[PDB]
file run-v4.cif (mmCIF, C-alpha atoms; chains and numbers go by the auth columns)
data_coords
#
loop_
_atom_site.group_PDB
_atom_site.id
_atom_site.type_symbol
_atom_site.label_atom_id
_atom_site.label_comp_id
_atom_site.label_asym_id
_atom_site.label_seq_id
_atom_site.Cartn_x
_atom_site.Cartn_y
_atom_site.Cartn_z
_atom_site.B_iso_or_equiv
_atom_site.auth_seq_id
_atom_site.auth_asym_id
ATOM 1 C CA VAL A 1 -5.194 76.867 -60.322 0.00 1 A
ATOM 2 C CA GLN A 2 -5.928 77.537 -63.992 0.00 2 A
ATOM 3 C CA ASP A 3 -2.780 77.014 -66.062 0.00 3 A
ATOM 4 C CA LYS A 4 -0.521 75.294 -63.530 0.00 4 A
ATOM 5 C CA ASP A 5 -3.180 72.697 -62.721 0.00 5 A
ATOM 6 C CA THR A 6 -3.886 72.035 -66.399 0.00 6 A
ATOM 7 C CA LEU A 7 -0.197 71.394 -67.069 0.00 7 A
ATOM 8 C CA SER A 8 0.783 68.319 -69.084 0.00 8 A
ATOM 9 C CA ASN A 9 3.381 65.595 -68.538 0.00 9 A
ATOM 10 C CA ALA A 10 5.781 67.425 -70.853 0.00 10 A
ATOM 11 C CA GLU A 11 6.555 70.128 -68.292 0.00 11 A
ATOM 12 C CA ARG A 12 7.259 67.293 -65.856 0.00 12 A
ATOM 13 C CA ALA A 13 9.823 65.521 -68.037 0.00 13 A
ATOM 14 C CA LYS A 14 11.344 68.868 -69.015 0.00 14 A
ATOM 15 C CA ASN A 15 11.384 70.348 -65.510 0.00 15 A
ATOM 16 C CA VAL A 16 13.160 67.307 -64.072 0.00 16 A
ATOM 17 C CA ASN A 17 15.442 66.915 -67.090 0.00 17 A
ATOM 18 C CA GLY A 18 16.548 70.533 -66.842 0.00 18 A
ATOM 19 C CA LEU A 19 16.883 70.521 -63.061 0.00 19 A
ATOM 20 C CA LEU A 20 18.879 67.285 -63.167 0.00 20 A
ATOM 21 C CA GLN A 21 21.318 68.596 -65.776 0.00 21 A
ATOM 22 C CA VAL A 22 21.881 71.715 -63.671 0.00 22 A
ATOM 23 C CA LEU A 23 21.804 70.186 -60.191 0.00 23 A
ATOM 24 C CA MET A 24 24.087 67.385 -61.375 0.00 24 A
ATOM 25 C CA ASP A 25 26.350 69.992 -62.973 0.00 25 A
ATOM 26 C CA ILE A 26 27.104 71.729 -59.674 0.00 26 A
ATOM 27 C CA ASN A 27 26.878 68.497 -57.681 0.00 27 A
ATOM 28 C CA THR A 28 29.424 66.913 -60.021 0.00 28 A
ATOM 29 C CA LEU A 29 31.778 69.900 -59.990 0.00 29 A
ATOM 30 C CA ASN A 30 32.413 69.395 -56.273 0.00 30 A
ATOM 31 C CA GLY A 31 29.173 68.147 -54.750 0.00 31 A
ATOM 32 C CA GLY A 32 30.300 64.540 -54.547 0.00 32 A
ATOM 33 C CA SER A 33 30.156 63.204 -58.097 0.00 33 A
ATOM 34 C CA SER A 34 29.709 59.631 -56.874 0.00 34 A
ATOM 35 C CA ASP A 35 26.783 60.423 -54.577 0.00 35 A
ATOM 36 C CA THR A 36 25.576 62.950 -57.151 0.00 36 A
ATOM 37 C CA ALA A 37 23.070 60.533 -58.679 0.00 37 A
ATOM 38 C CA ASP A 38 21.584 60.269 -55.188 0.00 38 A
ATOM 39 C CA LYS A 39 21.741 63.994 -54.429 0.00 39 A
ATOM 40 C CA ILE A 40 20.268 65.094 -57.758 0.00 40 A
ATOM 41 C CA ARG A 41 17.725 62.283 -57.463 0.00 41 A
ATOM 42 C CA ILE A 42 16.232 63.525 -54.193 0.00 42 A
ATOM 43 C CA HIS A 43 17.076 67.163 -54.913 0.00 43 A
ATOM 44 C CA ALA A 44 15.440 67.236 -58.347 0.00 44 A
ATOM 45 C CA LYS A 45 12.451 65.141 -57.277 0.00 45 A
ATOM 46 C CA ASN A 46 11.940 67.231 -54.139 0.00 46 A
ATOM 47 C CA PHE A 47 12.476 70.399 -56.174 0.00 47 A
ATOM 48 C CA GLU A 48 9.931 69.626 -58.893 0.00 48 A
ATOM 49 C CA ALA A 49 7.492 68.668 -56.136 0.00 49 A
ATOM 50 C CA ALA A 50 8.104 71.947 -54.311 0.00 50 A
ATOM 51 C CA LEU A 51 7.827 74.253 -57.324 0.00 51 A
ATOM 52 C CA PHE A 52 4.844 72.266 -58.598 0.00 52 A
ATOM 53 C CA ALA A 53 3.001 71.957 -55.286 0.00 53 A
ATOM 54 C CA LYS A 54 3.778 75.604 -54.530 0.00 54 A
ATOM 55 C CA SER A 55 3.194 76.623 -58.148 0.00 55 A
ATOM 56 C CA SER A 56 0.718 79.510 -58.158 0.00 56 A
ATOM 57 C CA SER A 57 0.395 79.549 -61.948 0.00 57 A
ATOM 58 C CA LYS A 58 2.029 78.634 -65.258 0.00 58 A
ATOM 59 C CA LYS A 59 4.210 81.710 -64.760 0.00 59 A
ATOM 60 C CA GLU A 60 5.075 80.768 -61.177 0.00 60 A
ATOM 61 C CA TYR A 61 5.967 77.212 -62.188 0.00 61 A
ATOM 62 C CA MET A 62 8.346 78.154 -65.002 0.00 62 A
ATOM 63 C CA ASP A 63 9.834 80.966 -62.918 0.00 63 A
ATOM 64 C CA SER A 64 10.282 78.527 -60.032 0.00 64 A
ATOM 65 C CA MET A 65 12.284 75.900 -61.916 0.00 65 A
ATOM 66 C CA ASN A 66 14.018 78.484 -64.106 0.00 66 A
ATOM 67 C CA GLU A 67 15.178 80.182 -60.905 0.00 67 A
ATOM 68 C CA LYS A 68 16.427 76.997 -59.242 0.00 68 A
ATOM 69 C CA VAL A 69 18.320 76.005 -62.388 0.00 69 A
ATOM 70 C CA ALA A 70 19.623 79.518 -63.034 0.00 70 A
ATOM 71 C CA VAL A 71 21.029 79.778 -59.509 0.00 71 A
ATOM 72 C CA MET A 72 22.314 76.201 -59.377 0.00 72 A
ATOM 73 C CA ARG A 73 23.800 76.187 -62.878 0.00 73 A
ATOM 74 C CA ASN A 74 25.330 79.613 -62.247 0.00 74 A
ATOM 75 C CA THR A 75 27.069 78.433 -59.077 0.00 75 A
ATOM 76 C CA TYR A 76 28.450 75.529 -61.106 0.00 76 A
ATOM 77 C CA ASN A 77 30.053 77.665 -63.814 0.00 77 A
ATOM 78 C CA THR A 78 30.958 80.341 -61.265 0.00 78 A
ATOM 79 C CA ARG A 79 32.590 78.005 -58.747 0.00 79 A
ATOM 80 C CA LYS A 80 34.345 75.962 -61.434 0.00 80 A
ATOM 81 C CA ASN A 81 35.355 79.132 -63.278 0.00 81 A
ATOM 82 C CA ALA A 82 37.990 79.888 -60.642 0.00 82 A
ATOM 83 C CA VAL A 83 39.067 76.242 -60.523 0.00 83 A
ATOM 84 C CA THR A 84 39.718 76.116 -64.267 0.00 84 A
ATOM 85 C CA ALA A 85 41.051 79.677 -64.331 0.00 85 A
#

call {"tool": "encode", "arguments": {"input": "run-v4.cif", "output": "C-alpha coordinates"}}
result
Amino acid sequence: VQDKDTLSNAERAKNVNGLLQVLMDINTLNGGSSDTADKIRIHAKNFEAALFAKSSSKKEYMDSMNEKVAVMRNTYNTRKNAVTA
(Lines of atoms letter the chains of each structure in order from A and count residues from 1; the text may use other names and numbers.)
(Lines give C-alpha, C1' and ligand atoms only; values in the text may rest on other atoms or scores of the structure.)
Protein backbone atom coordinates (compact mmCIF):
# COMPACT_ATOMS: atom_id res chain seq x y z
CA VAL A 1 0.00 0.00 0.00
CA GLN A 2 2.48 2.62 1.20
CA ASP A 3 4.69 1.16 3.94
CA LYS A 4 3.86 -2.54 3.64
CA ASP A 5 4.55 -2.54 -0.10
CA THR A 6 7.84 -0.67 0.35
CA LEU A 7 9.04 -3.23 2.89
CA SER A 8 12.55 -4.64 2.54
CA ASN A 9 13.94 -8.18 2.63
CA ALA A 10 14.88 -7.72 6.28
CA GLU A 11 11.28 -7.98 7.49
CA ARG A 12 11.08 -11.18 5.45
CA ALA A 13 14.07 -12.88 7.07
CA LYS A 14 12.98 -11.61 10.48
CA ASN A 15 9.29 -12.49 10.09
CA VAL A 16 10.09 -16.07 9.08
CA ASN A 17 12.91 -16.41 11.60
CA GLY A 18 10.64 -15.29 14.43
CA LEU A 19 7.65 -17.33 13.28
CA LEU A 20 9.82 -20.43 12.87
CA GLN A 21 11.31 -20.14 16.36
CA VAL A 22 7.81 -19.81 17.82
CA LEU A 23 5.93 -22.25 15.60
CA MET A 24 8.72 -24.80 16.05
CA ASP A 25 8.62 -24.15 19.79
CA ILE A 26 5.00 -25.28 20.15
CA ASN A 27 5.32 -27.85 17.36
CA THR A 28 8.32 -29.36 19.14
CA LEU A 29 6.70 -29.34 22.58
CA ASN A 30 4.08 -31.82 21.38
CA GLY A 31 3.35 -31.01 17.75
CA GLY A 32 5.43 -33.87 16.38
CA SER A 33 9.05 -32.82 16.80
CA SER A 34 10.17 -35.07 13.94
CA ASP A 35 7.63 -33.72 11.44
CA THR A 36 8.10 -30.27 12.99
CA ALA A 37 10.57 -29.16 10.32
CA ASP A 38 7.82 -29.95 7.81
CA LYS A 39 5.00 -28.36 9.82
CA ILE A 40 6.90 -25.16 10.62
CA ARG A 41 8.14 -25.11 7.03
CA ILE A 42 4.67 -24.96 5.47
CA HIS A 43 3.15 -23.19 8.47
CA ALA A 44 5.73 -20.39 8.59
CA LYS A 45 5.89 -20.01 4.81
CA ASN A 46 2.10 -20.00 4.51
CA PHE A 47 1.88 -17.65 7.50
CA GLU A 48 4.32 -15.04 6.20
CA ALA A 49 2.50 -15.21 2.86
CA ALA A 50 -0.86 -14.69 4.55
CA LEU A 51 0.15 -11.79 6.80
CA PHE A 52 2.13 -10.24 3.95
CA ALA A 53 -0.48 -10.72 1.22
CA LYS A 54 -3.20 -9.60 3.64
CA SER A 55 -0.95 -6.92 5.14
CA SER A 56 -2.85 -3.63 5.03
CA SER A 57 0.13 -1.58 6.21
CA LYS A 58 3.45 -1.63 8.07
CA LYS A 59 1.38 -1.67 11.27
CA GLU A 60 -0.86 -4.48 10.03
CA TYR A 61 2.14 -6.57 8.97
CA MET A 62 4.01 -6.35 12.27
CA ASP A 63 0.78 -6.81 14.23
CA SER A 64 -0.04 -9.83 12.07
CA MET A 65 3.18 -11.76 12.67
CA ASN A 66 3.53 -10.48 16.24
CA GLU A 67 0.04 -11.86 16.90
CA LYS A 68 0.71 -15.26 15.34
CA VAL A 69 3.96 -15.61 17.28
CA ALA A 70 2.48 -14.26 20.51
CA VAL A 71 -0.39 -16.76 20.39
CA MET A 72 1.74 -19.67 19.18
CA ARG A 73 4.66 -19.03 21.53
CA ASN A 74 2.23 -18.49 24.41
CA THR A 75 0.53 -21.84 23.82
CA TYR A 76 3.99 -23.43 23.87
CA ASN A 77 5.00 -22.06 27.27
CA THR A 78 1.44 -22.42 28.55
CA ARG A 79 0.94 -26.02 27.45
CA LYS A 80 4.44 -27.07 28.51
CA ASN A 81 4.11 -25.14 31.77
CA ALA A 82 1.75 -27.78 33.15
CA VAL A 83 3.91 -30.59 31.76
CA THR A 84 7.03 -29.32 33.53
CA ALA A 85 5.06 -28.24 36.60

call {"tool": "closest_residue", "arguments": {"input": "run-v4.cif", "among": "A:7, A:37, A:22, A:55", "to": "residue 70 of chain A", "atoms": "all atoms listed in the file"}}
result
A:22

call {"tool": "residues_near_point", "arguments": {"input": "run-v4.cif", "point": "(3.3, 78.3, -64.5)", "cutoff": "10 Å", "atoms": "only C-alpha atoms", "output": "JSON, numbers by chain"}}
result
{"A": [1, 2, 3, 4, 5, 6, 7, 11, 51, 52, 55, 56, 57, 58, 59, 60, 61, 62, 63, 64, 65]}

call {"tool": "closest_residue", "arguments": {"input": "run-v4.cif", "among": "A:26, A:66, A:20, A:31", "to": "residue 44 of chain A", "atoms": "all atoms listed in the file"}}
result
A:20

call {"tool": "closest_residue", "arguments": {"input": "run-v4.cif", "among": "A:84, A:40, A:54, A:78", "to": "residue 21 of chain A", "atoms": "all atoms listed in the file"}}
result
A:40

call {"tool": "resolve_selection", "arguments": {"input": "run-v4.cif", "expression": "the PyMOL selection byres ((chain A and resi 76) around 10)", "output": "JSON, numbers by chain"}}
result
{"A": [22, 23, 24, 25, 26, 27, 28, 29, 30, 31, 70, 71, 72, 73, 74, 75, 77, 78, 79, 80, 81]}

call {"tool": "closest_residue", "arguments": {"input": "run-v4.cif", "among": "A:67, A:85, A:48, A:53", "to": "residue 14 of chain A", "atoms": "all atoms listed in the file"}}
result
A:48

call {"tool": "atom_distance", "arguments": {"input": "run-v4.cif", "atom1": "atom CA of residue 36 of chain A", "atom2": "atom CA of residue 8 of chain A"}}
result
28.0 Å

call {"tool": "atom_distance", "arguments": {"input": "run-v4.cif", "atom1": "atom CA of residue 16 of chain A", "atom2": "atom CA of residue 41 of chain A"}}
result
9.5 Å

call {"tool": "atom_distance", "arguments": {"input": "run-v4.cif", "atom1": "atom CA of residue 47 of chain A", "atom2": "atom CA of residue 69 of chain A"}}
result
10.2 Å

call {"tool": "axis_aligned_box", "arguments": {"input": "run-v4.cif", "around": "segment 59-75 of chain A", "padding_each_side": "3 Å", "output": "lines of an AutoDock Vina configuration file"}}
result
center_x = 15.6
center_y = 78.8
center_z = -62.0
size_x = 28.9
size_y = 11.8
size_z = 11.9
